[PDB]
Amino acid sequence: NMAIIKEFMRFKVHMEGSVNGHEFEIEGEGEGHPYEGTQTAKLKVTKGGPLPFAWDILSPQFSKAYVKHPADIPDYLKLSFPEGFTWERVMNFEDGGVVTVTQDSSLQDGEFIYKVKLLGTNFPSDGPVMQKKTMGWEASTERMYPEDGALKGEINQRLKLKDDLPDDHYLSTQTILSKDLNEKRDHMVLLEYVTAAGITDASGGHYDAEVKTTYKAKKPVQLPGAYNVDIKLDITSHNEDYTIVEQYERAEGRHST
């Protein structure tokens, strides 16, 4: 009927959080097309600015009512309204850093209301998060599936690191020198083979996080089967110290197999 969620919706978001002992608050405004899978937001740091850490760990915490769902796939979070839903999330980064979130999504006066509480913990001081070496998120796929009477999701999320240098490696060389027997000038004929080596593991460009989210509707609505959601988050702009940031996201659901 689309009487509750319109084709275009605005939301308001508040985040209070503490990362490595640094408190802060963020208030922001956003808008988008819930059925098209597209949304934007402009965030402002209202307290504890500027932030000593990378913005990229906060960006995924700013909206799953905006995911585009096929008709045969029940939209669990859309159906949760007007009452709304909450979600809680655990991000485990490869270097031991952890981000935890609890959020509340409600609907008032034709606008979504987001309330966020966050903690980052055990981030190494020379790590890319505290060193602001992150370049933003790679496109993600969240595996969704019903469990414990709720909707859960699972992401292997790649964060791009600031490009440093070639690092350390070597080149293996082979060369044969010959002569052209019909060549009347002093000359050298050469054939050479060079291949690079010294690095196996292949990833110094990326910072990985194991993410597990739980989405609970405040009222008992219909749960979908197991499926996937493709997600891409972009930072469209920002100021120098990242106290003002604009974001964009596209998310669309599809069948798993």
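One-based numbering along the sequence shown.
Open item on the list: Can you tell me how many deposited residues have no coordinates between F62 and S63? The categories are none, 1 to 3, 4 to 9, and 10 or more.
Closed with: According to the record, 1 to 3 deposited residues lack coordinates from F62 to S63.
TODO: Quick one: say whether 117 to 125 or 166 to 174 has the higher mean Cα B-factor in the deposited entry.
DONE: Comparing 117 to 125 with 166 to 174, the higher mean C-alpha B-factor belongs to 166 to 174.
TODO: Read off the CA B-factors in the entry, average them over 86 to 94 and over 142 to 150, and name the higher stretch.
DONE: Mean B over CA atoms: larger for 142 to 150.
TODO: Would you mind checking which of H206, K212, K218, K232 has the top Cα temperature factor in the PDB entry?
DONE: Out of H206, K212, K218, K232, the record gives the largest C-alpha B-factor to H206.
- [ ] Would you check the entry's CA temperature factor for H14 and let me know if it's in the chain's lowest, middle or highest third?
- [x] For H14, the deposited C-alpha B-factor lands in the middle third.
- [ ] Could you say whether, by C-alpha temperature factor, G48 belongs to the lowest, middle or highest third of its chain?
- [x] Middle third of the chain for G48's C-alpha B-factor.
- [ ] For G32, return the chain-relative third of its C-alpha B-factor as stated in the PDB record: lowest, middle or highest.
- [x] Tercile = middle for this residue's CA B-factor.
- [ ] Select lowest, middle or highest to describe the third in which the CA B-factor of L79 falls within its chain in this entry.
- [x] Middle third of the chain for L79's C-alpha B-factor.
Open item on the list: Looking at the temperature factor on the CA atom of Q108, which third of the chain's modelled residues does it land in?
Closed with: Tercile = highest for this residue's CA B-factor.
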